[PDB]
Each structure stands twice: as C-alpha cells, then as structure tokens.
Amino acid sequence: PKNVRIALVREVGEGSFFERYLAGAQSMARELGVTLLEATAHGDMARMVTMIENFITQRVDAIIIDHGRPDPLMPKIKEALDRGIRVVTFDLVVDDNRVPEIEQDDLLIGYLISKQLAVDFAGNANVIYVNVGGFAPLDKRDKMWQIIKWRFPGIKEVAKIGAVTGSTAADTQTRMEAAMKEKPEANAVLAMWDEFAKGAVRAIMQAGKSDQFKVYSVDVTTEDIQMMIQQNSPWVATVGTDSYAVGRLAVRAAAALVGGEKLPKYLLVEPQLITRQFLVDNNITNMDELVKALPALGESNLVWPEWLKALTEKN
C-alpha cells in the first residue's frame, strides 16, 4: 500500500548521476506501490535539517538520508529512530547499528581509479586533482588517492581544484582553463565525480589540448559514455555503478526496514572499471548497452526479501 510513506532527503541533486538515482528510486517505489516523498537541500545544511524535521512531524514510515554531513544530521537521525521511523543512508556514515549504510564501495573506487592512472603512466605523472572535502564519498576516495601518491611517488599532485556549486561542470571547466595555464607541466586529470570530469574534459577539448592529457574519473551515465567515445577524447577511464540501480536499492532497503526486516549494516554496491577502449571496442553508446556488455553492473542481488520480491511480482 501507499500507506507506506518513504521520504528521500538529499543534499545534492545536480547532474545525470543524481537524476538517474532519483529515477531509480521512483521506479522502485512504483513497483512496490508505496509513496515516495522527495526533498532536496542543494547544499544548505540548515535547510536539510528542517526537511528531515518535516518528515519526522509527518511521521513517515522511513527516511533515506542522501549525502549530508554527520555532524548536523546526527541528532535528527537519533530523534527519528527513537520515534519508530526507520532510517537508511546513502553516502553518510552514521554511528548507530540501526542505520544501514549504502555506498558504492568508495574506498575501492578511489583505489581502482587512482591505480589505473598510476599504472597507465608507469608511475610518473603530473596530476591535476579534481575533488573537494566535506562529502562522504569524496573523502573516502580522497584517502586512496593519498595512498597511491605514497606507493607511486612519481605520481605528483600539481593542483587540486573543484567546488560543488550547483553548476559544477560549468564551474570546473572555468577552473580547469586557469589550472592548465598555471600548471603547464600537468598531463593527467583525476576527477572524483563525473560532473568534475565533464568540466575538465570540455576545458581540455576547447583548449585543443586533448593529446596532452589523460582524464580518469568516477561514475558512469549515458552522457559520460557519449563524451568518452568522442574522437580524440582525453577521457580514458571511469569507475562506477549504475546509479539507477543504486536509487532502487535505497528504496528497497527502506521498504524492507518498514516491513520489519533486519538489514546488513553495510550495503556495498560493487563498482566497475570502464575504459574508453572497452566502450569503443564494444560500440557501447548508452547505459542499456553498457549494462548488457558488463553484466556485473546489472546485478540483482541486494535486499530482496521473499515477501517484497513476491509483492513486486503482484504489481
């Protein structure tokens, strides 16, 4: 029934990754036949707190907290839990055994993409690093970049740029055009969100510098694929998941808790290395095609209790 109300509260909604996650979640809600309520704070942590309050006051069955920072949200999460509202997070670490945490295995992601850069350059590169602090997934990936710089000391960070603005791709493009003049020795880009990467790449192609750079990113969408497969694209590899299936999982997890199910504390969606060469060799032009060609992207597996699986069948 639609008596079951699940609220999705997000910090960030810009870009195809977040849009597809959102579609994912709506698609899963529709299959269960539950009511999904959405709210998005666009970077404003005060507004995010008040949105979570609205859902506590409305006494929803569950809240999904998407991104955010622990420090402001933590007492709101405790309050919600104490009132019988189930809580699951995506991309937020919470110290409470009642709250399953969903993530894309960000430590692995930060390791796979940073090593890919390292090995491709036989351990010697001048890297423009595109990332920013204060986001769970970004901080996790960051740690592994630091370990790659330790293991491969010829892999040098010559710049760190980037900010999450709500026009991130467009603002990263501008930054990257200044960064290339400031750091003419740079020959690689490591961008820890596809919206960062998109700006970097566009800056590279406009400058006519596609031969001078290799770009390594996180995440994959049809837009990323389209940009990867362009002739002379400097965009070499990305690591990520189908965010569509991640948003479904988020809603399934929430529904499972409402049904009284006890979930694992950590729900790790397994990320995949996707190279330009793999896409080009396989004539992949969109995500349908990609998940067909790399089926490890399309995996069923997490959080399908029998009752819930049976329920989706019915509808």
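Residue positions are given as counts along the sequence shown, with the first one as 1.
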Next item on the list: With reference to the PDB entry, specify whether the mean Cα temperature factor is higher for 292-300 or for 19-27.
Entry: 292-300
Notebook entry, point to check: Going by the B-factors listed in the PDB entry, is the mean over the C-alpha atoms higher for 78-86 or for 115-123?
Noted result: 78-86
Margin query: Take the CA temperature factors straight from the PDB entry and tell me which of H42, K265, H67, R59 peaks.
Written below: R59
Check: Whose C-alpha has the highest temperature factor in the PDB entry: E101, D105, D242, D211?
Finding: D211
Next item on the list: Tell me, lowest, middle or highest third: where does the Cα B factor of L73 rank within its chain?
Entry: highest
Next item on the list: Could you say whether, by C-alpha temperature factor, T275 belongs to the lowest, middle or highest third of its chain?
Entry: middle
Check: Hey, what third does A253 fall into on Cα B-factor, ranked over its chain?
Finding: middle
Check: Lowest, middle or highest third: where is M205 by C-alpha B factor in its chain?
Finding: middle
Next item on the list: Give the position of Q230 by CA B-factor within its chain, expressed as the lowest, middle or highest third.
Entry: highest
